[PDB]
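Computed from the coordinates by the stated procedures, all read-outs in this text should not be read as laboratory data. Here Cβ is always computed from backbone atoms with ideal geometry, including for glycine, and neighbour counts include all displayed protein chains.
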Amino acid sequence: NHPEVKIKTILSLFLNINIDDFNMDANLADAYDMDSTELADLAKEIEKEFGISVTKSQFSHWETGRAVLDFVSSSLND
Amino acid sequence: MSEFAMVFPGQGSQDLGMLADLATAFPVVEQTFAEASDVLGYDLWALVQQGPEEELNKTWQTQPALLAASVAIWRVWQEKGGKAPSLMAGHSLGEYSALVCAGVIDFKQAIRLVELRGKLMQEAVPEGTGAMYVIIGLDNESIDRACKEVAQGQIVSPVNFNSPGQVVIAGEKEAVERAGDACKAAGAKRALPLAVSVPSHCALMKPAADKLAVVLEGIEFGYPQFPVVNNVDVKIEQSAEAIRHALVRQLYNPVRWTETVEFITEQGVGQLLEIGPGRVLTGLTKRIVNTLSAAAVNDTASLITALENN
């Protein structure tokens, strides 16, 4: 429950910025400058948080903060 | 005068709809895959775009797609009239991409070699027998130990040394899976399994490498236009015999990518361009050196920016 609040919380704490400063619409690639591996490290935090599985093909496609949310909602639904 | 080098990605950099943006901007991209499709006997472009990935992850179909993709970027670079690179280097399959771009092997001939290479590797290790694991955030000794502790009379070894704090292991599936848990226990940041069909660069590939040694004797090998640094030795070979023996030894010996990037840095190279899909080798560059810039040329936007600087 409350995915957006937690997805906002995790990505804010990951990038060392306030919640207010983080933007869900913005592009993770160089809006916040997180590379391939940092995204793989984030993916593991999402697995641990929600209790869902993610693979390289899946987590590599996350460009926005909302793209991470939409994955989690579909995984918990299915 | 500044200097730049081109680096070609290996296996795992392929994804669905790669070069879709660049194909609209340049007709030569689809012409390269069309030439490769005549060799293969199926529409390689249609497989890449439409999918499904599960077919694209099959090593004998994976590698021709990466070769046709990587060469298509080089052809666009050479068509526009870009600056000539000082050095070349290629990870895993990238040697074949670099050797084709360097003028050592013919493109259509390389597609047969690269397809066949995938089949020979698959005959050695069947599907589901082996797997590969990227281990992040741990030193090389601790990873090297962890494989020996959990081997239990089965082949496990660290094979790709991509960067400091990133090593790939390969071997028998359960032995790699049991080894990956031991590395996470030792304090590895993550043990991520790759979606790769065959465990490359390990002792299981030597049966396939012995067959590959006889293949390369049939194939013609020209003189390289650009210097190509191999994975296995971190050395530039001019003669045909030395390049053939390097490609055989590549198949069952580790990739020394950290040393390859450092060797490129020693020859006055200030920037690396990833000539291929994704951005895998770009992310490694800063971890290896930190002061060496890099960028991935996989679409039109990146093509122009990269071309404009150099």
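For segment B:28-124, what's the relative contact order in percent, using C-alpha pairs closer than 8 Å and at least 6 residues apart? Intermediate values should be presented prior to the final figure.
Working: 85 pairs, mean separation 33.7, N = 97.
Computed value for segment B:28-124: 35 percent relative contact order.
Can you sort A:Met34, A:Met24, B:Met6, B:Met205 from fewest to most other Cβ atoms within 10 Å of each residue's own Cβ? Provide the component values of the computation, followed by the final result.
Values: A:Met34 17, A:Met24 14, B:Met6 28, B:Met205 25.
Going from sparsest to densest Cβ surroundings: A:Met24, A:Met34, B:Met205, B:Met6.
Explain nothing, just compute: Karplus ³J(HN,Hα) = 6.51 cos²θ - 1.76 cosθ + 1.60, θ = phi - 60°, for every residue of segment B:37-49 in order, whole Hz, x for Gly and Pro.
5, 5, 5, 5, x, 9, 6, 5, 4, 4, 5, 5, 6
If you place +1 on the Cβ of every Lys and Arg, -1 on the Cβ of every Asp and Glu, and leave all else neutral, what size is the dipole of segment A:2-78 about its Cα centre, to the nearest 20 Debye?
Details: 6 positive and 15 negative charges, 58 e Å.
Using only the charged Cβ atoms, the result is roughly 280 debye.
Determine the shape class of chain A: with a ≥ b ≥ c the square roots of the Cα gyration tensor eigenvalues, call it rounded for a/c under 1.5, and otherwise prolate if a/b is greater than b/c, oblate otherwise.
Numbers: a/c = 1.65, a/b = 1.24, b/c = 1.33.
Cα axes put chain A in the oblate bin.
State log₁₀ I(q)/I(0) for segment B:125-197 at q = 0.11, 0.18 Å⁻¹ as given by the Debye formula over alpha-carbon point scatterers of equal weight, solvent excluded.
-0.21, -0.56
What size of dipole, in debye to the nearest 20, comes out for segment B:125-197 about its Cα centre when the only charges are +1 on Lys and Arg C-beta atoms and -1 on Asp and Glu C-beta atoms? Let's see the in-between values first.
Details: 7 positive and 9 negative charges, 36 e Å.
So the magnitude is around 180 debye.
I need the phi-derived Karplus couplings for segment B:205-216: 6.51 cos²θ - 1.76 cosθ + 1.60, θ = phi - 60°, integer Hz, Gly and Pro marked x.
7, 5, x, 6, 5, 4, 5, 5, 4, 7, 4, 5
Among B:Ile243, B:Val297, B:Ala179, flag the residue with its Cα farthest along the positive direction of the charge dipole of segment B:176-306, charges on Cβ as +1 for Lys/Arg and -1 for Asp/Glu.
B:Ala179
Regarding chain B, what are the three Cα extents along the principal axes, ordered largest first, in Å?
Extents along the principal axes: 54, 44, 39 Å.
Enter the mean number of other protein chain beta carbons within 10 Å of the beta carbon of each residue in B:284-293, as an integer.
Details: counts 3, 0, 1, 2, 0, 0, 0, 0, 0, 0.
Average per residue, whole number: 1.
Nearest 10 degrees is fine. How inclined is helix B:59-80 to the longest principal axis of chain B, computing both from alpha carbons?
30 degrees
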